[PDB]
Each structure stands twice: as structure tokens, then as C-alpha cells.
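# Geometric and topological summary
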Amino acid sequence: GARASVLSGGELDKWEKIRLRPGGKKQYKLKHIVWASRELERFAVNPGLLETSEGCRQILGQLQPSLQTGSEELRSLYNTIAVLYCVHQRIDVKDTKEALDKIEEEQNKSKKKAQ
Amino acid sequence: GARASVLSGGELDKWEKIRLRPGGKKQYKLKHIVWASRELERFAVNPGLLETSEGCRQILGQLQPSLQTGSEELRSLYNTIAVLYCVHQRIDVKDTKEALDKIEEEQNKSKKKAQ
Amino acid sequence: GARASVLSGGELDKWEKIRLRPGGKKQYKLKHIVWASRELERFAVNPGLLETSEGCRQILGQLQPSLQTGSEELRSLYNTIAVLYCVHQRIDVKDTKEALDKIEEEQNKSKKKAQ
Amino acid sequence: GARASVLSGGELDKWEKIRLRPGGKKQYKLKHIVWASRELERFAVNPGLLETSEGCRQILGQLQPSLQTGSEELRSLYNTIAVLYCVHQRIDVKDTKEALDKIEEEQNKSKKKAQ
Amino acid sequence: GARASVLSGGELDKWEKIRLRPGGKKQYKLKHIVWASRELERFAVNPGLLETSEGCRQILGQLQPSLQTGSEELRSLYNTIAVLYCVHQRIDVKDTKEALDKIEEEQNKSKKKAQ
Ligand SMILES: *C(=O)CCCCCCCCCCCCC
Ligand SMILES: *C(=O)CCCCCCCCCCCCC
Ligand SMILES: *C(=O)CCCCCCCCCCCCC
Ligand SMILES: *C(=O)CCCCCCCCCCCCC
Ligand SMILES: *C(=O)CCCCCCCCCCCCC
């Protein structure tokens, strides 16, 4: 399926069109996820969770209470996974802030039915 | 993005362990994926249908009325997609028949709510 | 004192007779314990815990909410600690799987005393 | 404003007047803060929290669940942060034992409002 | 730890985002703080008040009867202290006119309750 993910219409075509900060001029590149797998190996977490929507959801849930306490490098790792989740859900975003709004709307829906 | 599919216990590891017919001493090789891409390219099919399991189901759905008419090569393409579906859904498939039983389970379930 | 550790029928004498994996020829070695003890620095955990059954059990309790997202290294350490707990409590387990069942059986009994 | 904490009665002055232990002639030095910061950066914790008591109260919460199994270095780091909290809120602490008497006492007092 | 103040996202990263006057392009610079320390030293007042939000809030109450008759330097100094109060509360103030509104805004609220 990785062979399809690299075609011009797939998930990794979508990945490199996304902006850093709504005003910004930088974009995501493929090695951002490679770096995210390196951090998951450092923190002893299965890297295969990046390949799934369910794996990405739980990792975002693990990261969540420690974001402010953590440095902006941790937040960069979280943002990388939040953008990837948005790609896995087949939705386009223009920037990271927009991807974070997508996680927040899903959390608003999820929160209602989590009792 | 993709990280476990290439590793042991992953999708390619299942591909090279799954038997062509249940007692057979030959397993699927990676060339069948390339051949399946070529048949799908000949049909002019969307590549995202090999990224997701629902897409594999669209391919399976069109193939399904054609199987009885089809050659063993046409049926090989169906079995190839059926294994990729089961593999993408992380089923510990040992052979082609087990992959088919799971595809049959999905049809039987779909029929159960088709009223 | 220290001299009693290597006494025959003792915990060290038993460790080497135990299978790493049920079907295999691979036995547990003291090098596994040495590697595990080093990696407590990585978790920021006291090595003195490995002396005592209660300390080993606390290591299992710390590992517990990470197990299902953890990488194969985390599972390998958990499994190793479970065999160490069984050896410390003088329970004859022939391989890793028996230890995993017995650690669970204590927790399952504890569960009806815990609220 | 940080430059006005260099003055007698300020933060730098209170820090270096506190004994490391309840016994022995060794006192805390500003270089201990550098080691504690370097460990917090290694754990990927935000330095921006170190000038704020609310930030320090969070850092004390971050270290708290792992104290039980914690290394002597992790416990020493916790003690170092605890003295900084006392220094920030200008408590006249003579040693680590007074800082930790005051913290248990403040926790008992805090618990009687928040529960 | 005191490095937090000059960290990006710290107080003195914020100090330089502020324009001196609504129509001026020059920013607030760190020497305004050094100057304020010297002005306090010249008129025999302890500079420790600078390190804290409350000491700045108190200076604004104290120098309030001095504003009506004081010199341009006195008004500049009062405005500098209002900006420090705003910076201690980590506010991205556009300019002096805003810093002054922020002080009045908290004062109407405080004056009702601090009787
Ligand atoms: C999905 O299509 C399974 C195919 C085999 C896994 C491919 C792993 C990535 C190899 C490098 C990219 C090749 C692109 C044609
Ligand atoms: C997720 O799908 C992101 C895709 C980018 C993966 C790039 C991996 C590069 C690995 C290079 C070293 C090993 C092969 C020579
Ligand atoms: C430790 O302090 C000794 C405790 C009492 C003896 C335990 C058994 C020791 C067996 C190995 C050494 C035998 C020496 C004659
Ligand atoms: C308030 O007085 C705090 C600092 C105000 C302006 C920042 C300039 C740098 C101060 C720290 C210097 C440290 C030198 C080792
Ligand atoms: C936090 O920044 C604590 C600062 C303590 C300064 C004095 C001791 C260390 C001096 C050299 C390293 C300075 C790093 C900011």
C-alpha cells in the first residue's frame, strides 16, 4: 500500500502541500515523519502506529497533557502526528493551525459520547 | 507515514508467508502487486484504492459478478485484492482460503443488513 | 550474604535452565538482566528494585499502561521482568508464556480486593 | 527584571544560603540549577517554566508519579525543583528538610481547599 | 533557569515586540530597564521591585500623584513601568497607549474590590 501512498493523488502527495503557521512560507517534507519514528523509538513506542488512524489517535491522546510542559520540539512532534491524522482521515488542510482545528472539532464530537 | 508494512509481522511479511492454495508450498511474491497494478492500470482505476481497504472492496465488488466467467488469472487478481484487504485489516492469514473466508464474512455481514 | 546467590537450586542456577521462547533452543542468560538494569537509567528507575519481588512488581506496574503502544523492546523487558518475578517468588515456569499467565493470575486475584 | 534578583534578599541570594542536606557543611550553588535544567531539557521539558511558580508546580507534578521507583538522581532533581519553588515564593528555608516540611504542609493546606 | 526571561517566548522576547509610540517605528529596548534601575538608585529606592509583577503594580500606585506635575522623563518612566507590568503578565502590547489602557482596565476592577 506504501507503493500507492507515493503516487500523485495519494497521502504522501497531500503531505508536502501543507504550511507551517497560517502566515508562513515553509511546508512539510517526507523526512518529518521519519523523524517522528525516530522520536517514537527514543520514547519506546511502536512506529507502526504512525501508519494507522487508530495508532495516530492514541499517540495524540498520550502527547496531549504534556504539550505546554514540553518544549516546542515536542509540540512539533505532536503537530506532525496531528497533520498525519488529518491526511489519514482524507481531509485537506492548508496549514498546521487548520489541522489542529480539525483535531479540536473531532475532540468536541468525541467528548459528548465518551461517558 | 508507512512504517510497519515493510517489517516482520507486517504486510510484506504476511504476503511472503501466505500460501497460493491451502497446502501449497508456494507463497505470494511481490511481483503480483506490480501485476495487479498493471491490470488496474489497464482498467484505468484510481491508485488510492490500494491505499485503503474500502477501495479494495470497490475493486472486489466489480470483480465479484465476473469470477465464474473468469480464468484462474482473473481469479488470482481477486485473491490478490482479497489478501491485500485482509492484510491491511491486520488479519493473521496463513493462506488464500482464510483470506477468502474473511471476505465472505464481510459479504455475509453486508447481506445481513441489506434488508 | 552475596555468596548464597550462585548456590545450586538457587535463583541464578534456575534462570539459565528456562526457555526464552516456548518452541526454541534459546535459554535465558545473565546478560539480559545486565541490559535490563542499564535501561532502568533510560526509564530513570532505581536498579536496587531488581533485588526484591516487590520492586520487580513495581517495575511491572510502571510498564503496564505502556504495554499495548510499546515497541518490541518494551515487551521484551516486561516479559523478562515477569520471569524474574516468578524466579524470585520460586515458581517453576519452563518458558516466558507460563510467567505471563502467572503474573496475570496474581493481578486477577488482587482485582477482587482492590475497590 | 531578572537582573534585580541578584540583589541580597533576591532569588540568587536565597538559593545559595540553603543546605543540601539536614547535616554536612555543603550548601546549594547556582551550578546545580544548570544540571537540573540540563536534565529537564534532556527529558524535553520547556525552560520557560523555570521562572514561574505555576510552571514549577507543574514540574513537581510531572516528576511525581515516578518518585516511587525513581533513581537517586531523579529524586535529587525533584528535591532541587522543590527548593526552587520555595525560593520563588520567598520562603525562608535553611535546608532541603525545611523545604520538604513546608511542601508537605502546603499540600495538606492545599488539599483542604482542592479535592 | 533565569535564562527563561531572555528565551524566545520569554518576557524579554516580548519586550522588543512593543513600539514606543503609536506613530513611531522605534521599539522598547532593554536599556529602558537599566535606566529605570539607575533612576531608582538616584532617588534612593530599592531596585528589587523590578523583578516582580507586584512591585511594578505598586510603583504605578506610588507614582500616580507624581504624574500630574512631573516631567516628560517622569511620564516616560511611568509608561516604562506600565509596560513592565504588562510584560510580567506576558502581554503582547502594541504600544504605550495600549499599556496604559491595560493598567486602567485592571484598576477599575481592582478599585471596586481592594477597598
Ligand atoms: C503496498 O502497495 C504494498 C507494496 C510493498 C511495500 C512497499 C514499501 C516501500 C518501497 C519503496 C517505494 C516503492 C514505490 C514504487
Ligand atoms: C511516511 O510514509 C513518510 C515517507 C518517507 C519515508 C522515507 C524513508 C527513508 C529511509 C532511508 C534509509 C533506508 C533505505 C535506504
Ligand atoms: C550471607 O551473609 C550468608 C548467610 C548464611 C549462609 C547462606 C548460604 C551460603 C551458601 C554459599 C557459601 C557457603 C560457604 C561455606
Ligand atoms: C531584568 O532586569 C532582567 C533582564 C532584563 C533585560 C535582559 C538582558 C540580559 C540579562 C541577563 C544577563 C546574564 C549574563 C550572564
Ligand atoms: C538558569 O538560567 C540558572 C542560571 C544560573 C547562572 C549562574 C551559574 C551558571 C553560569 C554558567 C551557565 C549559564 C547558563 C544560562
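Residues numbered from 1 in each chain as written, not as in the entry; some residues may be left out. Chains lettered and ligands numbered in written order. Part of a larger assembly, values for the part shown. Heavy atoms only, no water.

What the deposited record gives as its method is cryo-EM, and the resolution it gives is 8.0 Å.

Moving on to the interface of chain D and chain A. When the parts of a complex come together, some accessible area is lost, and that lost area is often used as the size of the interface. Listed per partner, the contact involves 7 residues of chain D and 6 residues of chain A. Connecting chain D to chain A are 0 salt bridges. Counting every contact that joins chain D to chain A gives 4 residue pairs in polar contact. In terms of residue class, the side of chain D that touches chain A is made up of 3 nonpolar, 3 polar and 1 charged. (Contact = heavy atoms within 4.5 Å. Salt bridge = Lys/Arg side-chain N within 4 Å of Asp/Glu carboxyl O. Polar contact = N/O pair within 3.5 Å; in protein donor to acceptor, adjacent residues only side chain to side chain. Nonpolar A, V, L, I, M, F, W, Y, C, P; charged D, E, K, R; others polar.)

The next subject is the pattern of salt bridges. Two side chains with opposite charge may pair up if their charged atoms get near one another. Using the criterion set out here, one finds 38 salt bridges over all chains in the structure. When the shortest N-O distance is used, the salt bridge between E:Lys102 and E:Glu105 registers 2.9 Å. With E:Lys102 and E:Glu105 both in helix α6 (residues 96-113) and 3 residues apart, the pair spans about one turn of that helix. The exposure class assigned to E:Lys102 is partly exposed, which follows from its relative accessible area of 22%. Owing to a relative accessible area of 40%, E:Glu105 belongs among the partly exposed residues under this scheme. Salt bridges sharing common partners tie together A:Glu11, A:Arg90 and B:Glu51. (Helix = DSSP H or I, 4+ residues; strand = E, 2+ residues; numbered from the N terminus. Buried < 20%, exposed > 50% of the residue type's maximum accessible area, 1.4 Å probe, protein only.)

Turning to empty space enclosed by the protein, a few remarks are in order. Applying the stated criterion across every chain, the model contains 2 cavities of 30 Å³ or more. In this structure, the largest cavity spans a volume of roughly 70 Å³. Around the largest cavity sit A:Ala44, C:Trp35, C:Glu39, C:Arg42, C:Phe43, C:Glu73, C:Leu74 and C:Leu77, which together line it. Going through the elements one at a time, α2 (30-43) and α4 (72-88) of chain C are the ones with two or more residues in the lining of the largest cavity. Residues of the lining of the largest cavity, tallied by class, amount to 5 nonpolar, no polar and 3 charged. There is about 40 Å³ of room inside the second largest cavity. (1 Å grid on protein atoms, 1.4 Å probe; cavity = no way out; pocket = protein on both sides within 12 Å on 5 of 7 lines; lining within 4 Å. Points joined across faces, edges and corners; volume = space filled by probe spheres on them.)

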